[PDB]
């Protein structure tokens, strides 16, 4: 029910939704070359996979809220045609979704949530029909799990020129693999306006601004999924484990080179400070010898030679004070040259350690690369296919049920069915190719049944039950 400063396509509007919802005011105009170029680069024919480029970084702690206990949202809009694989206009008015070549999603990489554009794999977006409001030019759109949108688009109006606190464009613009949890906290959609409204379709992506704690949960999840993947892909694992060694080695080389510079400069300063001390000491040694030369007047306050002696003392103090400053500078240089020598040596060490490390990696990469790898079709034969609900015979009418029993291997849950008016549960045992029956209320095992006939292959096992999963 509010209003917002006009924003341009690609711009990440930051706001803390009210009871009325989110306000979306778009400053129409061909998308910036900066964004358009990034998108162009992202589409570059890369290997199959979902790739992304982080456009903005979100900084929760910098959010200028009314009350820290709030839910801020970042809303990025783009012209629908720039996203959809096919012009939105050439789409049946009864379609609820549409394929897209790029989406703007929230992704977490290094303990930070960012707004990125991703592409490289087939994707679909919901098509939401915007509705009119009493206020002309103002439409409402309801996207799945997001506050109601009060969208407004103007052919030509000002545009916010600077990012709000909490969002920065200072990000690693390199193309990288989208995360496992990409878009985990984003809800997007192509918004199409009323028949004779005159507005072109607009893509809109709404992301929740995650808190430091929530960013951590995402990152831990990313980590766990990456590890599960590495655990099941020896080669791919060895690849990144080696690439990582390749980098750590290079970083160790730049390390030694940096320490060689520190040492070279330390030597230069050392010699220089040493010469200055050496010269300062000459002056001091001559002023001391001069007091000695006139010491014979040290007790004759009346003689003019006493003035020479007295003056000599003054010259000696001035020379000592200078020597003291010179000695301190030289000592600092000596400590620097010593630390630089140890650091350079230490860098030399780590660099060697890194060299061995990269060898173990470059070798293992080949060892695992020389092994036999089973193809997809092989995996498709490791377990027995599950029967189609309507093909399970001899058990009366069956209706699928929410999977819950954890699988022994892999990450799935056993396929579950319901029979006898929801009193009997049947789960598919893919390792033996048979159904296992269980009593609904008790969870107690009833036996093994053949899907083709419905006959009992084995009787009830008292030791088996799935009460823990209903």
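Numbering follows the first chain given and starts at 1.
So, looking at the entry's B-factor column for Cα atoms, which has the higher mean, 45 to 53 or 27 to 35? That would be 27 to 35.
For the higher mean C-alpha B factor in the entry, choose 143 to 151 or 356 to 364. Between 356 to 364 and 143 to 151, it is 356 to 364 that shows the higher mean C-alpha B-factor.
Highest recorded Cα temperature factor - choice among 183, 212, 92, 126: Highest C-alpha B-factor among the listed residues goes to 92.
Looking at 240, 225, 384, 273, which has the highest CA B-factor as recorded? That would be 240.
Sorting the chain's CA B-factors, does residue 422 end up in the lowest, middle or highest third? Highest third, going by the recorded CA B-factors of the chain.
How does residue 17 rank on Cα B-factor within its chain, lowest, middle or highest third? According to the entry, residue 17 has a C-alpha B-factor in the chain's highest third.
According to the PDB entry, is the CA B factor of residue 173 in the bottom, middle or top third of its chain, that is, lowest, middle or highest? It falls in the middle third of the chain.
Residue 437 - Cα temperature factor, lowest/middle/highest third of chain: As the PDB entry reports it, the C-alpha B-factor of residue 437 lands in the lowest third of its chain.
Taking the C-alpha B-factors as the PDB entry records them, is residue 445 in the lowest, middle or highest third of its chain? CA B-factor rank for residue 445: lowest third.
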